[PDB]
Engineer: 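Here you go, one structure.
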Amino acid sequence: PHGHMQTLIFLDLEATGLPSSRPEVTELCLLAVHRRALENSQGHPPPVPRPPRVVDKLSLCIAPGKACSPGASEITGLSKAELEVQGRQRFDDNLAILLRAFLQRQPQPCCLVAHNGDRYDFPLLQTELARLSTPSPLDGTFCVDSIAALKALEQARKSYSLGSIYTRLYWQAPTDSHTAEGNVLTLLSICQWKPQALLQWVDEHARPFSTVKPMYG
Amino acid sequence: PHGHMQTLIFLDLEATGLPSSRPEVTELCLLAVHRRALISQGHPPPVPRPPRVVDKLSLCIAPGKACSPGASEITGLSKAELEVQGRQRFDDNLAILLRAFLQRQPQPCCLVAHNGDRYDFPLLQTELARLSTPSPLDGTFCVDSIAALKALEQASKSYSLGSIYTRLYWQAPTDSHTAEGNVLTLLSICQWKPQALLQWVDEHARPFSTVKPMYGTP
DNA sequence: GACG
DNA sequence: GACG
Ligand SMILES: [Mg+2]
Ligand SMILES: [Mg+2]
């Protein structure tokens, strides 16, 4: 299809609200894993996988343009006030230099992985990038939704939210459901359930991020 | 003295070995924090929570020489396994990245590292000297958490990272195998008495471009 | 020492 | 659904 994805980038965004509200990103986290590190499961239940030794990790809190919805502030512990008080910058030109440089240290093709990404994280990110005079640093990178991926894996009435899956696989509640990094780590663990099968699935379904259309605007 | 450092960037490096060995960085973690983000109830005193708003960067870096057996034992990293997963080298992009990471910080910026005055800071300087790019740390500052933690404790035996932690908190550090683990350990330590901590560190911050390279300038 |  |  687009060849074997050499790097998986688990991605999660915290933001000001749900899609209907035209949300802005308050926190982003990327965790780049090499396929090799990934294809590097137990019995029942299997232990929670340890993450690979070799990973690159990025986590940035971000001052949004508009205030957080009350619901989003309670879930994330983030507000427009504090991100600005504490001097967080906008989703600006730099941030894309930063992402660019971070993406630059991953062997291509890179494929972004997000949970409900096709509905939420991907179109959100696209929107936020579109706002920039800078060129997007993701044009060359691919993406895929982990919900689709795990529906297929688990096939070998269920909820497919992040926590429903995680608890189901490992019979443990996820560690941190309130930060971008927490959600990425939970995401990573469900994707390590069947590393072999999943990377195969990711390779078949990888899709260009350039196409992903904006949530809004 | 230099003014107020806006960002405390806790820093830790893993590497091929110790200073005598001419060591190369293999992993790097920065956790950037704002002076704002800085009580406790119970015994032994709880391991505090990292603050909510933080920027975190953690990168694996391929070194041009093999990891000494002791560095591999500590970190579980090896040159060949970094290279499998096509980790890059400490190059110009990296500096751009760090540049950009630091440029998202409120200035001025002060690195804090455990033994940095003797290991991380001079080593970082060496890594940055090797390449085409200007250093991103040319305008950055530095302080050692050992010296800092000395004072603060002497106003209330070993000062290895773990010894301080286990002693304040009565738990083993969560992870001593990775750069982020050490940054987080270092972070919790610096939250024992953050008020003073930061009192202590705005009095002491110093240039990083005064930092002499551990070695080399090949 | 204390850092890998 | 499921994302904040
Ligand atoms: Mg999410
Ligand atoms: Mg250290």
Side-chain angles (χ1 to χ4, degrees), chain A residues 11-28 62 64 66-79 114-125 145-148 150-151 158-165 177-180 182-183 186-187 215, chain B residues 11-28 61 63 65-79 113-124 144-147 149-150 157-164 176-179 181-182 185-186 214:
Chain A
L11 166 275
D12 189 70
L13 305 179
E14 305 283 36
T16 48
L18 292 183
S20 48
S21 70
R22 301 171 69 84
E24 274 183 276
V25 168
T26 59
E27 188 183 40
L28 153 155
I62 304 182
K66 64 198 253 168
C68 293
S69 66
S73 275
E74 149 165 289
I75 289 181
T76 67
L78 299 180
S79 68
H115 197 79
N116 208 16
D118 283 344
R119 296 270 299 266
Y120 198 77
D121 304 68
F122 302 153
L124 181 46
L125 228 204
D145 202 319
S146 46
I147 291 173
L150 265 74
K151 300 188 141 157
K158 278 157 171 44
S159 174
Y160 280 91
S161 75
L162 203 58
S164 299
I165 301 181
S177 66
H178 302 76
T179 72
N183 292 326
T186 307
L187 176 51
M215 182 169 293
Chain B
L11 182 253
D12 190 69
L13 308 172
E14 311 285 21
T16 42
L18 303 170
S20 66
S21 71
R22 290 246 178 306
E24 278 190 66
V25 169
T26 64
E27 194 186 29
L28 158 155
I61 306 167
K65 32 138 92 159
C67 284
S68 72
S72 284
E73 187 268 332
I74 292 175
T75 60
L77 301 170
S78 68
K79 208 181 66 89
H114 203 74
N115 216 39
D117 280 330
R118 288 263 268 182
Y119 192 77
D120 299 74
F121 302 147
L123 177 55
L124 242 197
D144 204 304
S145 46
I146 308 271
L149 274 303
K150 284 197 195 284
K157 207 69 238 159
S158 190
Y159 284 89
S160 70
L161 185 58
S163 303
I164 287 130
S176 58
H177 308 74
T178 78
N182 287 340
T185 299
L186 176 57
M214 132 157 336

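Each chain gets a letter, A, B and so on, in the order its sequence line appears, and its residues count up from 1.
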Engineer: So does A:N183 get a side-chain nitrogen or oxygen closer than 4.0 Å to the phosphate oxygens (OP1/OP2) of D:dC3?
Structural biologist: no
Engineer: Could you state the atom-to-atom distance from CG of B:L123 to P of C:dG4 in whole Å?
Structural biologist: 11 Å
Engineer: Round to a whole Å and report the spacing from CG of A:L187 to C1' of D:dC3.
Structural biologist: 13 Å
Engineer: NA contact type, A:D145, heavy-atom cut-off 4.0 Å: base, sugar-phosphate, or nothing?
Structural biologist: nothing
Engineer: Counting the atoms with a prime plus P, OP1 and OP2 as sugar-phosphate, which does B:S68 contact under 4.0 Å by heavy atoms, base, sugar-phosphate, or nothing?
Structural biologist: base
Engineer: B:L161 near the nucleic acid: base, sugar-phosphate alone, or nothing, with a heavy-atom cut-off under 4.0 Å?
Structural biologist: sugar-phosphate
Engineer: Between B:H114 and C:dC3, is there a side-chain N or O to OP1/OP2 distance below 4.0 Å?
Structural biologist: yes
Engineer: So if I take residues 18-26 of chain B and measure heavy-atom distances to DNA chain C, which residues fall below 4.0 Å?
Structural biologist: B:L18, B:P19
Engineer: Mark yes or no for whether B:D144, through its side chain, and B:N115, through its backbone, hold a donor-acceptor pair below 3.5 Å.
Structural biologist: yes
Engineer: Base, sugar-phosphate, or nothing for B:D12, non-hydrogen atoms under 4.0 angstrom?
Structural biologist: sugar-phosphate
Engineer: Report, one line per pair, each donor and acceptor closer than 3.5 Å where one atom sits in a side chain of residues 116-123 of chain B; sequence neighbours left out.
Structural biologist:
{"from": "B:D117", "atom 1": "OD1", "to": "B:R206", "atom 2": "NH2", "distance (Å)": "2.6"}
{"from": "B:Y119", "atom 1": "OH", "to": "B:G17", "atom 2": "O", "distance (Å)": "3.1"}
{"from": "B:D120", "atom 1": "OD2", "to": "B:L13", "atom 2": "N", "distance (Å)": "3.1"}

Engineer: Mind calculating the distance between NZ (A:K151) and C1' (D:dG1) to the nearest angstrom?
Structural biologist: 7 Å
Engineer: Nearest whole angstrom, please: distance from the P of C:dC3 to the CD1 of B:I74.
Structural biologist: 9 Å
Engineer: Counting side-chain heavy atoms from CB outward, which of D:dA2, C:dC3, D:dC3 is closest to A:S159?
Structural biologist: D:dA2
Engineer: Quick one: salt bridge (charged side-chain N to carboxylate O under 4.0 Å, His left out) partners of A:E14, sequence neighbours excluded?
Structural biologist: none
Engineer: Can you identify which nucleotide, out of D:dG4, C:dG4, C:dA2, has its nearest atom closest to the A:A72 side chain?
Structural biologist: D:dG4
Engineer: Please report, rounded to the nearest Å, how far the P atom of D:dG4 is from the CG atom of A:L78.
Structural biologist: 12 Å
Engineer: Closest approach to the side chain of B:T75, judged atom by atom: which nucleotide of D:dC3, C:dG4, C:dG1 is it?
Structural biologist: C:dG4
Engineer: Check whether any side-chain N or O of A:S164 sits under 3.5 Å from a backbone N or O of A:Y160 as a donor-acceptor pair, and report yes or no.
Structural biologist: no
Engineer: Tell me the interatomic distance from A:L11, atom CG, to D:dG4, atom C1', rounded to whole angstroms.
Structural biologist: 14 Å
Engineer: Between A:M215 (CE) and D:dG4 (P), how many Å, whole number?
Structural biologist: 11 Å
Engineer: Filter on side-chain hydrogen bond (donor to acceptor under 3.5 Å, both in side chains), then keep only pairs touching residues 15-25 of chain B, sequence neighbours left out; what's left?
Structural biologist: B:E24-B:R130
Engineer: Sequence neighbours left out, what passes side chain to side chain contact (heavy atoms under 4.5 Å, CB included) with B:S176? Give chain and number order.
Structural biologist: B:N182
Engineer: Round to a whole Å and report the spacing from CD1 of B:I61 to P of C:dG4.
Structural biologist: 14 Å
Engineer: Assign A:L13 to base, sugar-phosphate, or nothing according to its heavy-atom contacts below 4.0 angstrom with the strands shown.
Structural biologist: sugar-phosphate
Engineer: Just to confirm, is there a sub-4.0 Å distance from OP1 or OP2 of D:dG4 to any side-chain nitrogen or oxygen of A:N116?
Structural biologist: no
Engineer: For residues 70-77 of chain A, please give each side-chain donor-acceptor pair under 3.5 Å, one per line with the distance, not counting sequence neighbours.
Structural biologist:
{"from": "A:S73", "atom 1": "OG", "to": "A:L78", "atom 2": "O", "distance (Å)": "2.9"}
{"from": "A:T76", "atom 1": "OG1", "to": "A:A72", "atom 2": "O", "distance (Å)": "2.7"}
{"from": "A:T76", "atom 1": "OG1", "to": "A:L78", "atom 2": "N", "distance (Å)": "3.1"}

Engineer: Do you know which two heavy atoms are closest between A:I165 and A:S159, and how far apart they sit?
Structural biologist: CG1-O, 4.2 Å
